[PDB]
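Asker:
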Amino acid sequence: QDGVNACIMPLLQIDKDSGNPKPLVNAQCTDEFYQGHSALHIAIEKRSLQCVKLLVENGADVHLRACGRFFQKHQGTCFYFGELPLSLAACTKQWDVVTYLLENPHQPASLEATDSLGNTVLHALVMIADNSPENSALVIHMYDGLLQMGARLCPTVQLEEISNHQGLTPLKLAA
Amino acid sequence: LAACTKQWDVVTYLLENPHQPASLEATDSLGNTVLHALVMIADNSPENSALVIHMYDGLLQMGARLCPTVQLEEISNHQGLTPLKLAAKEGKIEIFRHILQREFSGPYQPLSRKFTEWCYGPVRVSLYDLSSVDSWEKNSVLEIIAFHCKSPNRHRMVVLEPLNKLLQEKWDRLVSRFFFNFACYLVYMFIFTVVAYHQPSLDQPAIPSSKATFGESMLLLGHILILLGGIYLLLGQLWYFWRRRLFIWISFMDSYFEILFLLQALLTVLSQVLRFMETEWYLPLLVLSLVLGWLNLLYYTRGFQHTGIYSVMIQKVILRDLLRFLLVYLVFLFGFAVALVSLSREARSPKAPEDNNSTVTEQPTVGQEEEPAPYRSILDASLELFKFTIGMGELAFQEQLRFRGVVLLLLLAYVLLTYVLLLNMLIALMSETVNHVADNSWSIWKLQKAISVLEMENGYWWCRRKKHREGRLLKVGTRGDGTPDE
Amino acid sequence: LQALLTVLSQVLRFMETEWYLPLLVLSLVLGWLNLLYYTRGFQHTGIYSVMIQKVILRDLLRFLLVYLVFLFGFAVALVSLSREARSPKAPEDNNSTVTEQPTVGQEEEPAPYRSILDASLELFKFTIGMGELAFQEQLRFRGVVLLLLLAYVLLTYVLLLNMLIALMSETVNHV
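Protein chains in written order, with PDB author numbering: chain L, 129 to 303; chain U, 216 to 701; chain W, 478 to 652.
Laid out in structure tokens, this is it:
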């Protein structure tokens, strides 16, 4: 509905007299399919900007795992998403909300962070990337900007040094 | 014809007339409505295709605006064919592709056929309808591509997404149980060959028991099982014949294994007849039934992946080059065969003024059981030279005694131009078929998979099925946002 | 399998019976067979060795399911026709206790024929094109078997022999 979520405020303040305000904004979905799922995830999925800005200014967390049965692979309909709004935010090229989900009035996004299977933004971007050269070029240049502001706003952390739960670097997993 | 000539000024005008709006649902002389006129006039020219699609779509747009509330595609012709059935009947994958590709972004939704629910940017989910497979009150869709088959192309139309994906998932969900059919048939043919192998060598047929034991009683069980399944093969082909009405009227041998099955079944019921007459000649007929069933094992290769692709490959090149190499083989080798029967063998009198053919096919109403083409006392030497003719035995002479040096260089001429110089020809141009049929063999592969599957459930005595809306996952990457207004 | 057959060779040689030798010839053909693993080294022959590794690794079982099955079927067709004393079977030991060697393997007279055991290993040795044209007490009423062998030799011997060579040449067109 034109990207403008207006109800950031009223259940946050009903959830302030009853006291669940970041719990209003960060209610991870307890569905099996939509699991671990916050509204910031939707705000990225709807590709809009009010939703991210007054969802984050509604207090939305950034490092939060969305270990959804909708959101991981089977070789069937459900495929891996990023499972955390920064991860899928990069996996959807959305530098406005990668940039925003860093630049938040509450939270810089942890670049070195991991996800549900251990599948970090390295494994999310790589694992979502296939031989589509549009997909390849976006998952390379978008990842490179994530290493550029990823080496500017939060430098001094070697992200590729991290291996997964299987002990694989993004060089090892991409390879 | 106004739509068939793109003339939207006079389609528009011939609607908007001060006297008469044009009836959209109307039919024509053969029953061939604007559906059948536009489709039937449309050929694979992409200018013709694009005009007969977009012009037809505008006819559905003002065709859905000035006169809405009439479902034109619902109409079938005099033959009972919808425009989906007719466009999917004259082999136009482009138009049928438009029909299931159809998607109207205007009020309101269910004109479309490719719906996208639980869809997503990376993750598209293209929902379909499978009215192609729900068309049971008329024929199914592969039925009407197959009838009439291949006005330009019959094998092409399966590769489109409901037909191909549906033909995949129905096999991998139901009809991968075809191994039970091949299992029962394989055990059947094993029973045939072990009864044939372990038969008694006694001259009198219908022996009571070789021995009252596990052996001969087991052989009686194999006999009763083997004709007890043969009657089921006869029941299957009679359902195929009364129900399917293939083969074609005056046409070629197509399809091959059907009439090969009819000749095996004919020869084995004649085997049953003369076995009921209790003479010894039931057995060569049994070996013929053996070689046609063990021959017919390759029909059961339609199942699984690299071997089904391989099975359609050998189905293609073998189905083409069967008679093509036979007209080389039988004719060159019959000619030069007769040339070798004249040279050389003494006692050259099977003919003329006697019974020349020794009453060829001497068996009344059983077939070619005689001494047909009786030779010049070289009958055994002539079946034997025909057995030399695939390269076995060598180099005899006789009372010619090497004055037939002309026959020597003569055989150097036939063996020259035929044995090497023509042997490389048909292999090479069937390799040109390989240069052309290889991608087409994929269309033949998905088709023959869909005939094993679709004919399998269509025959199965008396079957179940499952009919629910298709949906196809797509993981492709491209931009494009928006919504169908929720 | 070479190592297994040669340590069984060592076992039965330690039992000191004569049958150590056919196992030795099998070890020979699997090692001299295994010489082509040592072709991985140098340039035109290593390129060549990977070529034969590719087309041989693909078309091994693919030609075997044609070969063993067509030739087993028509083989049994020739064992039934023709040889007298057709009793290895049924109600006796049909298989003559096939693989009669306990824990050594297929050492027996397996698939005992219709007194054509030597004529059946011998027709299997004819089956790669050696010997010819015998008859027996059928005595040319098996003209049906004549044209029948013209049918199998027709569709299989020439008409199918060109198939797999051609589509492995399609593999050559791709690999």
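Where is the CB? At the ideal position from N, CA and C, for every residue including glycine.
Please state if the CB of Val249 (chain L) and the CB of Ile172 (chain L) are separated by a distance shorter than 8 Å.
Answerer: No, these two residues do not count as a Cβ contact at 8 Å.
Asker: Suppose the cutoff is 6 Å on Cβ atoms and the five residues either side in sequence are ignored; what does the same chain contact list for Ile136 (chain L) look like?
Answerer: Same-chain partners within the cutoff: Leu182, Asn186.
Asker: Which residues, in order along the region 544 to 562 of chain W, keep a beta-carbon less than 9 Å from a beta-carbon of chain U?
Answerer: Those residues of the region 544 to 562 of chain W that come within reach of chain U (Cβ to Cβ, closer than 9 Å) are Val546, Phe547, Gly550, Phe551, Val553, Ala554, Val556, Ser557, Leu558, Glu561, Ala562.
Asker: Any beta-carbon of chain L closer than 8 Å to the one on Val649 (chain U)?
Answerer: No, no contact with chain L.
Asker: Does the CB of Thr297 (chain U) have a neighbour CB from chain L at under 8 Å?
Answerer: False, the Cβ-Cβ gap to chain L never drops below 8 Å.
Asker: Sort U:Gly697, U:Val691, U:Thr698 by Cα distance to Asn259 (chain L) and report the nearest one.
Answerer: With distances taken between Cα atoms, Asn259 (chain L) lies closest to U:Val691.
Asker: Contact between the region 232 to 243 of chain L and the region 279 to 288 of chain L is defined here as three or more beta-carbon pairs at a separation below 8 Å; is this criterion met?
Answerer: Verdict: yes, contact present.
Asker: Using a Cβ cut-off of 8 Å, pull out every chain U residue sitting near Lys566 (chain W), in sequence order please.
Answerer: Neighbours of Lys566 (chain W) on chain U, chain order: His413, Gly430.
Asker: Determine whether the Cβ of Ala653 (chain U) lies closer than 8 Å to any Cβ atom of chain W.
Answerer: So yes, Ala653 (chain U) belongs to the interface.
Asker: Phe330 (chain U) by DSSP, collapsed to three states: which one?
Answerer: In this structure, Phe330 (chain U) counts as strand in the three-state DSSP scheme.
Asker: When you compare the CB of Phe618 (chain W) with every CB in chain U, is at least one pair closer than 8 Å?
Answerer: Judged by the 8 Å Cβ criterion, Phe618 (chain W) is in contact with chain U.
Asker: Do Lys566 (chain W) and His413 (chain U) have their CB atoms nearer than 8 Å?
Answerer: It is a contact, given that the beta carbons lie within the stated cut-off.
Asker: Beta strand (DSSP E) containing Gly278 (chain L): first to last residue?
Answerer: Careful: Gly278 (chain L) lies outside any beta strand (DSSP E) and carries neither H nor E.
Asker: Strictly under 8 Å for the Cβ-Cβ distance: is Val622 (chain W) near chain U by that measure?
Answerer: Judged by the 8 Å Cβ criterion, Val622 (chain W) is in contact with chain U.
Asker: For a contact meaning CB atoms closer than 7 Å, what does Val285 (chain U) contact in chain L?
Answerer: Correct list: empty, because the minimum Cβ distance to chain L is about 35 Å.
Asker: Find the nearest neighbour of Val356 (chain U) within the set U:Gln324, U:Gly295, U:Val390, judged by alpha-carbon distance.
Answerer: Ranking U:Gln324, U:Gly295, U:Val390 by Cα distance to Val356 (chain U) puts U:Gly295 first.
Asker: Which partner residues of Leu342 (chain U) appear in the DSSP bridge assignment?
Answerer: In DSSP, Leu342 (chain U) forms a bridge with U:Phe330, U:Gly686.
Asker: From the DSSP output, read off the bridge partner residues of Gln578 (chain W).
Answerer: In the DSSP output, where bridge partners are listed per residue, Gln578 (chain W) has W:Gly582.
Asker: In whole angstroms, what is the alpha-carbon distance linking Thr408 (chain U) and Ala552 (chain W)?
Answerer: About 11 Å.
Asker: So with Cβ pairs under 8 Å, would you call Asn247 (chain L) a contact of chain U?
Answerer: By this cut-off, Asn247 (chain L) is not an interface position.
Asker: Find out if the Cβ-Cβ distance for the pair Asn247 (chain L), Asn292 (chain L) is shorter than 8 Å.
Answerer: In contact: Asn247 (chain L) and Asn292 (chain L) (Cβ atoms closer than 8 Å).
Asker: Between the region 687 to 699 of chain U and chain L, which residues of the former have CB atoms less than 8 Å from a CB of the latter, in chain order?
Answerer: So the close ones are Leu688, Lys690, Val691, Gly692, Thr693, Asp696.
Asker: Closest to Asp387 (chain U) by CA distance: which of U:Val543, U:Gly518, U:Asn571 is it?
Answerer: The shortest C-alpha separation from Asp387 (chain U) is found at U:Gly518.
Asker: Just verifying my parser: in three-state terms, what is the DSSP assignment at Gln163 (chain L)?
Answerer: It is a strand residue.
Asker: With respect to the alpha helix (DSSP H) encompassing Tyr455 (chain U), which residues constitute its N-terminal and C-terminal limits?
Answerer: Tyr455 (chain U) -> alpha helix (DSSP H) spans 429 to 459.
Asker: Our contact map puts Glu561 (chain W) next to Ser597 (chain W) with C-beta atoms below 8 Å; I'd like the distance itself, whole angstroms only.
Answerer: The Cβ separation is near 14 Å, so there is no contact.
Asker: Listing by chain order, which chain U residues have their CB less than 9 Å from the CB of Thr220 (chain L)?
Answerer: Those within 9 Å of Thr220 (chain L) in chain U are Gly336, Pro337.
Asker: Once the 5 residues before and after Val532 (chain U) are set aside, which same chain residues still bring their CB inside 8 Å of it?
Answerer: Answer for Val532 (chain U): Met645, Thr648, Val649, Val652, listed in chain order.
Asker: Closest to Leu623 (chain W) by C-alpha separation, out of U:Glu670, U:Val668, U:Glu577, U:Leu503, would be which residue?
Answerer: Ranking the options by Cα distance to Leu623 (chain W), first place goes to U:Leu503.
Asker: Name the chain U residues that come within less than 7 Å of residue 323 (chain L), Cβ to Cβ?
Answerer: Beyond the ends of chain L as shown, which are 129 and 303, falls residue 323 (chain L); an answer cannot be given.
Asker: For the candidate residues U:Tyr525, U:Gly445, U:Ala588, whose alpha-carbon lies nearest to that of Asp654 (chain U)?
Answerer: Cα-wise, what sits closest to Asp654 (chain U) is U:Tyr525.
Asker: Beta-carbon within less than 7 Å of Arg197 (chain L)'s beta-carbon, same chain only, minus the 5 sequence neighbours each way: which residues are those?
Answerer: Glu160, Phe161, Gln163, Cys206.
Asker: How far does the alpha helix (DSSP H) with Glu473 (chain U) in it reach, from first residue to last?
Answerer: Note, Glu473 (chain U): alpha helix (DSSP H), 471 to 492.
Asker: Does the beta carbon of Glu609 (chain W) sit closer than 8 Å to a beta carbon anywhere in chain U?
Answerer: It does; some Cβ of chain U falls within 8 Å.
Asker: Pairs of beta-carbons, one from the region 336 to 350 of chain U and one from the region 682 to 690 of chain U, closer than 8 Å: are there three or more?
Answerer: Segments in contact, yes.
Asker: Taking a cut of 7 Å between CB atoms, which residues from the region 577 to 608 of chain U lie near chain W?
Answerer: Taking 7 Å as the Cβ-Cβ cut-off against chain W, the residues of the region 577 to 608 of chain U that qualify are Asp595, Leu598, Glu599, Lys602, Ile605, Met607, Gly608.
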